$ cat start_25.cif   # mmCIF, C-alpha atoms
data_final
#
loop_
_atom_site.group_PDB
_atom_site.id
_atom_site.type_symbol
_atom_site.label_atom_id
_atom_site.label_comp_id
_atom_site.auth_asym_id
_atom_site.auth_seq_id
_atom_site.Cartn_x
_atom_site.Cartn_y
_atom_site.Cartn_z
ATOM 1 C CA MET A 1 -8.795 -2.211 32.657
ATOM 2 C CA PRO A 2 -11.936 -1.302 30.703
ATOM 3 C CA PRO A 3 -13.788 -4.173 29.059
ATOM 4 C CA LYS A 4 -13.811 -4.646 25.307
ATOM 5 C CA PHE A 5 -15.036 -7.043 22.658
ATOM 6 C CA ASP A 6 -13.455 -8.418 19.503
ATOM 7 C CA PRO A 7 -14.888 -7.087 16.262
ATOM 8 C CA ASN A 8 -16.367 -9.334 13.593
ATOM 9 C CA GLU A 9 -16.421 -9.040 9.813
ATOM 10 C CA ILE A 10 -20.077 -8.301 9.142
ATOM 11 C CA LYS A 11 -21.372 -6.668 5.965
ATOM 12 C CA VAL A 12 -24.825 -5.170 5.461
ATOM 13 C CA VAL A 13 -26.447 -4.902 2.042
ATOM 14 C CA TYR A 14 -29.723 -3.271 1.091
ATOM 15 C CA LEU A 15 -31.898 -5.166 -1.367
ATOM 16 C CA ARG A 16 -34.934 -3.584 -3.005
ATOM 17 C CA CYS A 17 -36.665 -6.255 -5.064
ATOM 18 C CA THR A 18 -39.903 -8.201 -4.797
ATOM 19 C CA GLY A 19 -41.151 -11.273 -6.612
ATOM 20 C CA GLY A 20 -39.464 -14.527 -7.480
ATOM 21 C CA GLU A 21 -36.097 -13.729 -8.940
ATOM 22 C CA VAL A 22 -32.578 -14.916 -8.248
ATOM 23 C CA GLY A 23 -29.343 -13.039 -8.801
ATOM 24 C CA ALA A 24 -27.380 -10.227 -7.232
ATOM 25 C CA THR A 25 -28.731 -6.751 -6.581
ATOM 26 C CA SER A 26 -27.109 -3.387 -7.279
ATOM 27 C CA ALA A 27 -25.044 -3.361 -4.063
ATOM 28 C CA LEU A 28 -24.174 -7.047 -4.322
ATOM 29 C CA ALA A 29 -22.601 -6.571 -7.763
ATOM 30 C CA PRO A 30 -19.782 -4.247 -6.617
ATOM 31 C CA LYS A 31 -19.512 -5.947 -3.230
ATOM 32 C CA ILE A 32 -19.660 -9.612 -4.167
ATOM 33 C CA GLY A 33 -17.726 -9.066 -7.421
ATOM 34 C CA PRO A 34 -14.401 -8.306 -5.776
ATOM 35 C CA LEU A 35 -15.311 -10.234 -2.630
ATOM 36 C CA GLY A 36 -15.425 -13.450 -4.651
ATOM 37 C CA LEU A 37 -18.792 -14.435 -3.219
ATOM 38 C CA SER A 38 -20.998 -16.700 -5.322
ATOM 39 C CA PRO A 39 -24.073 -14.817 -6.544
ATOM 40 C CA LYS A 40 -25.991 -18.066 -6.894
ATOM 41 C CA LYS A 41 -25.947 -18.586 -3.133
ATOM 42 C CA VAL A 42 -27.276 -15.091 -2.528
ATOM 43 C CA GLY A 43 -29.981 -15.400 -5.169
ATOM 44 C CA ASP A 44 -31.073 -18.779 -3.837
ATOM 45 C CA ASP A 45 -31.162 -17.449 -0.280
ATOM 46 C CA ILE A 46 -33.186 -14.426 -1.382
ATOM 47 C CA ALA A 47 -35.655 -16.545 -3.354
ATOM 48 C CA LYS A 48 -36.155 -18.994 -0.493
ATOM 49 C CA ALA A 49 -36.431 -16.238 2.103
ATOM 50 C CA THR A 50 -38.984 -14.338 0.035
ATOM 51 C CA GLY A 51 -40.665 -17.455 -1.317
ATOM 52 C CA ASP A 52 -43.851 -16.279 0.384
ATOM 53 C CA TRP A 53 -44.545 -14.018 -2.613
ATOM 54 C CA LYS A 54 -43.869 -10.730 -0.868
ATOM 55 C CA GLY A 55 -44.363 -7.657 -3.005
ATOM 56 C CA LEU A 56 -45.831 -4.498 -1.578
ATOM 57 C CA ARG A 57 -43.229 -1.718 -1.420
ATOM 58 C CA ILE A 58 -41.058 -3.596 1.055
ATOM 59 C CA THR A 59 -37.338 -3.314 1.754
ATOM 60 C CA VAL A 60 -35.225 -6.424 2.230
ATOM 61 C CA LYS A 61 -31.881 -6.356 3.981
ATOM 62 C CA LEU A 62 -29.279 -9.081 3.986
ATOM 63 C CA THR A 63 -26.213 -9.672 6.123
ATOM 64 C CA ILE A 64 -23.089 -11.161 4.560
ATOM 65 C CA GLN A 65 -20.578 -13.064 6.667
ATOM 66 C CA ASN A 66 -18.086 -15.726 5.513
ATOM 67 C CA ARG A 67 -19.944 -16.152 2.198
ATOM 68 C CA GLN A 68 -23.095 -16.759 4.187
ATOM 69 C CA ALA A 69 -26.006 -14.457 3.597
ATOM 70 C CA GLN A 70 -28.762 -14.020 6.120
ATOM 71 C CA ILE A 71 -31.964 -12.577 4.732
ATOM 72 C CA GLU A 72 -34.028 -10.315 6.944
ATOM 73 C CA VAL A 73 -37.296 -8.779 5.798
ATOM 74 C CA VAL A 74 -38.704 -5.741 7.584
ATOM 75 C CA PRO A 75 -42.039 -4.041 7.100
ATOM 76 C CA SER A 76 -42.490 -0.705 5.351
ATOM 77 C CA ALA A 77 -39.391 0.965 3.977
ATOM 78 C CA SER A 78 -36.906 3.758 4.644
ATOM 79 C CA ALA A 79 -34.207 1.682 6.277
ATOM 80 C CA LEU A 80 -31.535 3.399 8.336
ATOM 81 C CA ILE A 81 -28.104 3.900 6.804
ATOM 82 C CA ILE A 82 -24.714 4.469 8.411
ATOM 83 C CA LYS A 83 -21.221 4.903 6.972
ATOM 84 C CA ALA A 84 -18.122 3.673 8.793
ATOM 85 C CA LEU A 85 -15.929 6.245 7.026
ATOM 86 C CA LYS A 86 -12.969 3.936 7.671
ATOM 87 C CA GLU A 87 -11.017 1.625 5.403
ATOM 88 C CA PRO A 88 -8.460 -1.119 5.985
ATOM 89 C CA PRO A 89 -4.775 -0.223 6.109
ATOM 90 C CA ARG A 90 -2.423 -1.027 3.267
ATOM 91 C CA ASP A 91 1.101 -0.364 2.055
ATOM 92 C CA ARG A 92 1.576 2.608 -0.232
ATOM 93 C CA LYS A 93 3.735 2.564 -3.347
ATOM 94 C CA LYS A 94 6.144 5.304 -4.359
ATOM 95 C CA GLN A 95 9.131 5.818 -6.639
ATOM 96 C CA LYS A 96 12.664 5.810 -5.278
ATOM 97 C CA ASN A 97 15.892 7.375 -6.514
ATOM 98 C CA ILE A 98 17.871 4.339 -5.368
ATOM 99 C CA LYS A 99 17.640 2.752 -8.784
ATOM 100 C CA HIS A 100 20.911 0.867 -9.385
ATOM 101 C CA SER A 101 22.405 2.011 -6.093
ATOM 102 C CA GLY A 102 22.320 5.745 -5.482
ATOM 103 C CA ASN A 103 23.438 7.346 -2.235
ATOM 104 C CA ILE A 104 26.852 8.152 -3.662
ATOM 105 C CA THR A 105 28.939 10.324 -1.368
ATOM 106 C CA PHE A 106 32.663 11.171 -1.286
ATOM 107 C CA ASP A 107 32.652 9.745 2.236
ATOM 108 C CA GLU A 108 32.209 6.282 0.757
ATOM 109 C CA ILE A 109 35.212 6.766 -1.521
ATOM 110 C CA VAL A 110 37.271 8.004 1.426
ATOM 111 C CA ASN A 111 36.073 5.073 3.524
ATOM 112 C CA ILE A 112 37.294 2.466 1.037
ATOM 113 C CA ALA A 113 40.433 4.451 0.312
ATOM 114 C CA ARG A 114 41.354 4.434 3.990
ATOM 115 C CA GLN A 115 40.217 0.840 4.463
ATOM 116 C CA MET A 116 42.233 -0.212 1.401
ATOM 117 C CA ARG A 117 39.387 -2.420 0.279
ATOM 118 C CA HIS A 118 38.961 -3.329 -3.351
ATOM 119 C CA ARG A 119 35.805 -1.311 -3.895
ATOM 120 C CA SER A 120 36.871 2.220 -4.752
ATOM 121 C CA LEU A 121 40.506 2.182 -3.678
ATOM 122 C CA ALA A 122 41.787 2.292 -7.246
ATOM 123 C CA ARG A 123 45.205 3.952 -7.272
ATOM 124 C CA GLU A 124 45.270 7.686 -6.724
ATOM 125 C CA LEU A 125 42.937 9.314 -4.235
ATOM 126 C CA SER A 126 42.136 12.187 -6.574
ATOM 127 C CA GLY A 127 41.790 9.910 -9.577
ATOM 128 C CA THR A 128 39.491 7.489 -7.791
ATOM 129 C CA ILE A 129 37.391 10.201 -6.170
ATOM 130 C CA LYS A 130 36.945 12.017 -9.466
ATOM 131 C CA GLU A 131 36.345 8.765 -11.363
ATOM 132 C CA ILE A 132 33.757 7.374 -8.938
ATOM 133 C CA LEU A 133 32.067 10.743 -8.505
ATOM 134 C CA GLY A 134 32.054 11.270 -12.279
ATOM 135 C CA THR A 135 30.418 7.870 -12.657
ATOM 136 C CA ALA A 136 27.860 8.874 -10.032
ATOM 137 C CA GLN A 137 26.947 11.965 -12.042
ATOM 138 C CA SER A 138 26.506 9.909 -15.206
ATOM 139 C CA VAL A 139 24.181 7.420 -13.519
ATOM 140 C CA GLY A 140 22.289 9.992 -11.433
ATOM 141 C CA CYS A 141 21.515 13.481 -12.642
ATOM 142 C CA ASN A 142 20.881 14.564 -9.069
ATOM 143 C CA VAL A 143 22.492 12.046 -6.755
ATOM 144 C CA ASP A 144 23.523 14.623 -4.182
ATOM 145 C CA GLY A 145 26.369 16.789 -5.393
ATOM 146 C CA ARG A 146 27.357 16.792 -9.029
ATOM 147 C CA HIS A 147 30.251 19.149 -8.372
ATOM 148 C CA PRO A 148 33.533 17.344 -8.937
ATOM 149 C CA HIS A 149 35.579 20.531 -8.764
ATOM 150 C CA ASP A 150 34.202 21.379 -5.335
ATOM 151 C CA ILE A 151 34.437 17.767 -4.166
ATOM 152 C CA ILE A 152 38.097 17.337 -5.078
ATOM 153 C CA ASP A 153 38.763 20.838 -3.818
ATOM 154 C CA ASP A 154 37.174 19.979 -0.476
ATOM 155 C CA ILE A 155 38.800 16.532 -0.415
ATOM 156 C CA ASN A 156 42.233 17.977 -1.141
ATOM 157 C CA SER A 157 41.578 20.814 1.299
ATOM 158 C CA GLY A 158 41.087 18.280 4.066
ATOM 159 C CA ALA A 159 37.908 16.254 3.780
ATOM 160 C CA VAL A 160 39.359 13.441 5.838
ATOM 161 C CA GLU A 161 41.672 13.719 8.837
ATOM 162 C CA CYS A 162 42.740 10.986 11.265
ATOM 163 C CA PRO A 163 39.489 9.032 10.957
ATOM 164 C CA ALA A 164 38.022 8.135 7.576
ATOM 165 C CA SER A 165 35.052 10.260 8.537
#

$ encode --input "start_25.cif" --output "structure tokens"
Amino acid sequence: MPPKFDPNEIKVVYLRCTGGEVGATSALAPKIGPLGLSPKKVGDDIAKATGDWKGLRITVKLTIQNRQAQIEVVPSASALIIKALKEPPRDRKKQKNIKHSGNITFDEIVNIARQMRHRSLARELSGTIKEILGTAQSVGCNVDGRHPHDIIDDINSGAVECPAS
């Protein structure tokens, strides 16, 4: 219900330099550098904007939008400053224990054993469970449960009943 407006990508840069000189200022270096803006355009805009030979303790501010810089000159100095305190969202990066495959559980062995699929059926239930689980321990030092004795003990005890799980 409430009204709203779409935001625009506007950047504000503070420039403290007087005289005829072209180039990028201190803020422009770290901003324009990664932005990919052309410093020549900014320097030319600054020189043309301040081509009146302004030099008396004055602060110049410029607005950057779509590689277009607008030069605004205000009298005196001590310009206001504000920080958004917000940054654009991005995807984080982290390590995973998946590696080759991971997620090895006796349930999987039981599932193929009951399904009779050629994945971990092998021959004997105990032989295949121990073999696959043993392989899991070799590939992962901490896959989930590196206890073959307990696994076969639990499997033999009655890990699977009517359903495969």

$ resolve_selection --input "start_25.cif" --expression "the PyMOL selection byres ((chain A and resi 43) around 10)" --output "ChimeraX atom specification"
/A:20-25,38-42,44-49,69

$ closest_residue --input "start_25.cif" --among "A:139, A:60, A:74, A:13" --to "residue 104 (chain A)" --atoms "only C-alpha atoms"
A:139

$ resolve_selection --input "start_25.cif" --expression "the PyMOL selection byres ((chain A and resi 54-59) around 9)" --output "VMD selection string"
chain A and resid 14 to 20 50 to 53 60 to 61 73 to 79

$ closest_residue --input "start_25.cif" --among "A:10, A:160, A:152, A:37" --to "residue 107 (chain A)" --atoms "all atoms listed in the file"
A:160

$ atom_distance --input "start_25.cif" --atom1 "CA of residue 109 (chain A)" --atom2 "CA of residue 126 (chain A)"
10.1 Å

$ atom_distance --input "start_25.cif" --atom1 "CA of residue 63 (chain A)" --atom2 "CA of residue 11 (chain A)"
5.7 Å

$ residues_around --input "start_25.cif" --residues "residue 140 (chain A)" --least-positions-apart "4" --cutoff "12 Å" --atoms "all atoms listed in the file" --output "PyMOL selection string"
chain A and resi 97-104+133-136+144-146

$ closest_residue --input "start_25.cif" --among "A:128, A:66, A:111, A:8" --to "residue 32 (chain A)" --atoms "all atoms listed in the file"
A:66

$ atom_distance --input "start_25.cif" --atom1 "CA of residue 113 (chain A)" --atom2 "CA of residue 164 (chain A)"
8.5 Å

$ build_atoms --input "start_25.cif" --residues "region 122-138 of chain A" --atoms "N, CA, C and O atoms" --output "PDB file, in the coordinates of the input"
ATOM      1  N   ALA A 122      41.131   1.939  -6.003  1.00  0.00           N
ATOM      2  CA  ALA A 122      41.787   2.292  -7.246  1.00  0.00           C
ATOM      3  C   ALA A 122      43.265   2.503  -7.016  1.00  0.00           C
ATOM      4  O   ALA A 122      43.949   1.626  -6.491  1.00  0.00           O
ATOM      5  N   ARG A 123      43.794   3.686  -7.424  1.00  0.00           N
ATOM      6  CA  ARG A 123      45.205   3.952  -7.272  1.00  0.00           C
ATOM      7  C   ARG A 123      45.392   5.265  -6.570  1.00  0.00           C
ATOM      8  O   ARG A 123      45.804   5.315  -5.414  1.00  0.00           O
ATOM      9  N   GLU A 124      45.098   6.363  -7.283  1.00  0.00           N
ATOM     10  CA  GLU A 124      45.270   7.686  -6.724  1.00  0.00           C
ATOM     11  C   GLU A 124      43.982   8.111  -6.086  1.00  0.00           C
ATOM     12  O   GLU A 124      42.895   7.812  -6.579  1.00  0.00           O
ATOM     13  N   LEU A 125      44.098   8.853  -4.958  1.00  0.00           N
ATOM     14  CA  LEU A 125      42.937   9.314  -4.235  1.00  0.00           C
ATOM     15  C   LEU A 125      42.149  10.279  -5.083  1.00  0.00           C
ATOM     16  O   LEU A 125      40.928  10.209  -5.142  1.00  0.00           O
ATOM     17  N   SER A 126      42.838  11.209  -5.773  1.00  0.00           N
ATOM     18  CA  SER A 126      42.136  12.187  -6.574  1.00  0.00           C
ATOM     19  C   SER A 126      41.529  11.525  -7.780  1.00  0.00           C
ATOM     20  O   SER A 126      40.404  11.843  -8.169  1.00  0.00           O
ATOM     21  N   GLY A 127      42.265  10.576  -8.391  1.00  0.00           N
ATOM     22  CA  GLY A 127      41.790   9.910  -9.577  1.00  0.00           C
ATOM     23  C   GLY A 127      40.589   9.067  -9.269  1.00  0.00           C
ATOM     24  O   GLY A 127      39.634   9.043 -10.038  1.00  0.00           O
ATOM     25  N   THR A 128      40.600   8.361  -8.117  1.00  0.00           N
ATOM     26  CA  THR A 128      39.491   7.489  -7.791  1.00  0.00           C
ATOM     27  C   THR A 128      38.297   8.302  -7.373  1.00  0.00           C
ATOM     28  O   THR A 128      37.169   7.972  -7.733  1.00  0.00           O
ATOM     29  N   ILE A 129      38.507   9.398  -6.611  1.00  0.00           N
ATOM     30  CA  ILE A 129      37.391  10.201  -6.170  1.00  0.00           C
ATOM     31  C   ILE A 129      36.711  10.810  -7.367  1.00  0.00           C
ATOM     32  O   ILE A 129      35.488  10.760  -7.488  1.00  0.00           O
ATOM     33  N   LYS A 130      37.504  11.389  -8.292  1.00  0.00           N
ATOM     34  CA  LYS A 130      36.945  12.017  -9.466  1.00  0.00           C
ATOM     35  C   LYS A 130      36.259  10.982 -10.330  1.00  0.00           C
ATOM     36  O   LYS A 130      35.167  11.219 -10.840  1.00  0.00           O
ATOM     37  N   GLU A 131      36.900   9.805 -10.513  1.00  0.00           N
ATOM     38  CA  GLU A 131      36.345   8.765 -11.363  1.00  0.00           C
ATOM     39  C   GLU A 131      35.026   8.256 -10.826  1.00  0.00           C
ATOM     40  O   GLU A 131      34.041   8.163 -11.565  1.00  0.00           O
ATOM     41  N   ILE A 132      34.974   7.905  -9.521  1.00  0.00           N
ATOM     42  CA  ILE A 132      33.757   7.374  -8.938  1.00  0.00           C
ATOM     43  C   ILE A 132      32.683   8.431  -8.948  1.00  0.00           C
ATOM     44  O   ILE A 132      31.537   8.159  -9.311  1.00  0.00           O
ATOM     45  N   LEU A 133      33.032   9.667  -8.540  1.00  0.00           N
ATOM     46  CA  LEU A 133      32.067  10.743  -8.505  1.00  0.00           C
ATOM     47  C   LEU A 133      31.558  11.024  -9.901  1.00  0.00           C
ATOM     48  O   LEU A 133      30.367  11.272 -10.096  1.00  0.00           O
ATOM     49  N   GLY A 134      32.460  11.012 -10.909  1.00  0.00           N
ATOM     50  CA  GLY A 134      32.054  11.270 -12.279  1.00  0.00           C
ATOM     51  C   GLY A 134      31.067  10.220 -12.707  1.00  0.00           C
ATOM     52  O   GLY A 134      30.093  10.513 -13.398  1.00  0.00           O
ATOM     53  N   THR A 135      31.310   8.955 -12.300  1.00  0.00           N
ATOM     54  CA  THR A 135      30.418   7.870 -12.657  1.00  0.00           C
ATOM     55  C   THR A 135      29.077   8.120 -12.018  1.00  0.00           C
ATOM     56  O   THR A 135      28.033   7.880 -12.628  1.00  0.00           O
ATOM     57  N   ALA A 136      29.086   8.614 -10.758  1.00  0.00           N
ATOM     58  CA  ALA A 136      27.860   8.874 -10.032  1.00  0.00           C
ATOM     59  C   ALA A 136      27.025   9.895 -10.770  1.00  0.00           C
ATOM     60  O   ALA A 136      25.806   9.774 -10.835  1.00  0.00           O
ATOM     61  N   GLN A 137      27.670  10.937 -11.330  1.00  0.00           N
ATOM     62  CA  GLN A 137      26.947  11.965 -12.042  1.00  0.00           C
ATOM     63  C   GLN A 137      26.320  11.389 -13.288  1.00  0.00           C
ATOM     64  O   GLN A 137      25.208  11.761 -13.657  1.00  0.00           O
ATOM     65  N   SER A 138      27.036  10.484 -13.987  1.00  0.00           N
ATOM     66  CA  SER A 138      26.506   9.909 -15.206  1.00  0.00           C
ATOM     67  C   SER A 138      25.275   9.088 -14.904  1.00  0.00           C
ATOM     68  O   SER A 138      24.290   9.157 -15.635  1.00  0.00           O
TER      69      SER A 138
END
